[PDB]
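Undergrad: Input file: final.pdb. Contents: PDB, C-alpha atoms.
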```pdb
ATOM      1  CA  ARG S   1       5.371  -1.793  12.819
ATOM      2  CA  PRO S   2       3.473  -4.604  10.982
ATOM      3  CA  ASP S   3       5.865  -6.573   8.809
ATOM      4  CA  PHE S   4       4.052  -5.841   5.526
ATOM      5  CA  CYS S   5       4.651  -2.022   5.966
ATOM      6  CA  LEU S   6       8.204  -2.219   4.672
ATOM      7  CA  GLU S   7       7.347  -4.225   1.538
ATOM      8  CA  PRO S   8       7.319  -2.652  -1.864
ATOM      9  CA  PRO S   9       3.902  -1.873  -3.415
ATOM     10  CA  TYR S  10       2.354  -4.767  -5.390
ATOM     11  CA  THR S  11       0.369  -4.041  -8.542
ATOM     12  CA  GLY S  12      -0.508  -7.685  -8.936
ATOM     13  CA  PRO S  13      -1.564  -9.619 -12.013
ATOM     14  CA  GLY S  14      -4.834  -7.714 -12.666
ATOM     15  CA  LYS S  15      -5.350  -5.435 -15.626
ATOM     16  CA  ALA S  16      -7.194  -2.672 -13.828
ATOM     17  CA  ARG S  17      -5.470   0.605 -12.963
ATOM     18  CA  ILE S  18      -6.812   1.779  -9.600
ATOM     19  CA  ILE S  19      -4.997   4.316  -7.492
ATOM     20  CA  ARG S  20      -4.112   2.965  -4.057
ATOM     21  CA  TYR S  21      -1.735   3.988  -1.297
ATOM     22  CA  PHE S  22       1.294   2.207   0.159
ATOM     23  CA  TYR S  23       3.312   3.202   3.242
ATOM     24  CA  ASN S  24       6.757   4.275   2.019
ATOM     25  CA  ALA S  25       8.721   3.426   5.220
ATOM     26  CA  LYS S  26      11.885   5.338   4.140
ATOM     27  CA  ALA S  27       9.838   8.545   3.576
ATOM     28  CA  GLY S  28       7.589   7.960   6.543
ATOM     29  CA  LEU S  29       4.597   8.907   4.365
ATOM     30  CA  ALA S  30       1.968   7.252   2.195
ATOM     31  CA  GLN S  31       2.465   7.356  -1.583
ATOM     32  CA  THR S  32       0.143   6.427  -4.457
ATOM     33  CA  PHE S  33       0.613   3.492  -6.841
ATOM     34  CA  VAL S  34      -1.301   1.708  -9.544
ATOM     35  CA  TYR S  35      -3.117  -1.412  -8.376
ATOM     36  CA  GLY S  36      -4.361  -4.070 -10.838
ATOM     37  CA  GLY S  37      -7.572  -4.761  -9.010
ATOM     38  CA  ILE S  38      -7.028  -8.252  -7.548
ATOM     39  CA  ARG S  39      -4.691 -10.197  -5.218
ATOM     40  CA  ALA S  40      -3.644  -7.255  -3.008
ATOM     41  CA  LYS S  41      -0.717  -7.462  -0.610
ATOM     42  CA  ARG S  42      -1.257  -5.861   2.753
ATOM     43  CA  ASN S  43       0.699  -2.604   2.088
ATOM     44  CA  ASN S  44      -2.264  -1.405   0.038
ATOM     45  CA  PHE S  45      -4.684   1.184   1.431
ATOM     46  CA  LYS S  46      -7.554   3.223   0.084
ATOM     47  CA  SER S  47      -6.281   6.410   1.716
ATOM     48  CA  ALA S  48      -3.136   8.011   3.035
ATOM     49  CA  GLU S  49      -4.692   8.229   6.486
ATOM     50  CA  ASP S  50      -5.322   4.472   6.629
ATOM     51  CA  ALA S  51      -1.757   3.707   5.562
ATOM     52  CA  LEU S  52      -0.431   5.977   8.365
ATOM     53  CA  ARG S  53      -2.751   4.653  11.040
ATOM     54  CA  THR S  54      -1.694   1.041  10.218
ATOM     55  CA  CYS S  55       1.957   1.502   9.346
ATOM     56  CA  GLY S  56       3.169   4.837  10.693
ATOM     57  CA  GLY S  57       4.517   3.444  13.983
ATOM     58  CA  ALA S  58       3.737   3.802  17.699
TER      59      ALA S  58
END
```
Before anything else, please render the file you have as structure tokens.

TA:
Amino acid sequence: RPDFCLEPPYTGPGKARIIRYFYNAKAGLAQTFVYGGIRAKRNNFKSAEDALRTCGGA
């Protein structure tokens, strides 16, 4: 699994409030979180399906 998949979601320093997805490795599912609009970490997807294709495991 890529190493970023187990990291907590990162809102970042931006003031926006955009709904993104992170892979929740303990649930084995994607979950939504509020993203501030700049300086994303890599556990940050536009869709559940992208989070699972990247992070869901072989």

Undergrad: Taking all atoms listed in the file into account, name the residue in S:3, S:11, S:51, S:16 that is nearest to residue S:29.

TA: S:51

Undergrad: Neighbouring residues of residue S:37 were defined as those with any atom within 12 Å, considering all atoms listed in the file; residues of the same chain fewer than 3 positions away were excluded. Please report them as a list in words.

TA: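 Near neighbours after the sequence-gap exclusion: residues 10, 11, 12, 13, 14, 15, 16, 17, 18, 19, 20, 33, 34, 40, 41 and 44 of chain S.
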
Undergrad: Extract, using only C-alpha atoms, all DNA, RNA and protein residues at most 12 Å from residue S:25, discarding same-chain residues fewer than 5 positions from it, and format them as a short mmCIF file (atom, residue, chain, number, x, y, z; two decimals) with C-alpha atoms, in the coordinates of the input.

TA:
```cif
data_model
loop_
_atom_site.label_atom_id
_atom_site.label_comp_id
_atom_site.auth_asym_id
_atom_site.auth_seq_id
_atom_site.Cartn_x
_atom_site.Cartn_y
_atom_site.Cartn_z
CA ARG S 1 5.37 -1.79 12.82
CA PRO S 2 3.47 -4.60 10.98
CA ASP S 3 5.86 -6.57 8.81
CA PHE S 4 4.05 -5.84 5.53
CA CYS S 5 4.65 -2.02 5.97
CA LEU S 6 8.20 -2.22 4.67
CA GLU S 7 7.35 -4.22 1.54
CA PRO S 8 7.32 -2.65 -1.86
CA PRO S 9 3.90 -1.87 -3.42
CA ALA S 30 1.97 7.25 2.19
CA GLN S 31 2.46 7.36 -1.58
CA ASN S 43 0.70 -2.60 2.09
CA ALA S 51 -1.76 3.71 5.56
CA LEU S 52 -0.43 5.98 8.36
CA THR S 54 -1.69 1.04 10.22
CA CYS S 55 1.96 1.50 9.35
CA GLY S 56 3.17 4.84 10.69
CA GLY S 57 4.52 3.44 13.98
#
```

Undergrad: Box in all listed atoms of stretch 14-29 of chain S, axis-aligned, with 3 Å more on each side; write out centre and edge lengths in Å to one decimal as AutoDock Vina command-line options.

TA:
```
--center_x 2.3 --center_y 0.6 --center_z -4.5 --size_x 25.1 --size_y 22.6 --size_z 28.2
```

Undergrad: Atom CA of residue S:46 and atom CA of residue S:26, how far apart in Å?

TA: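 Separating atom CA of residue S:26 from atom CA of residue S:46 is a distance of 20.0 Å.
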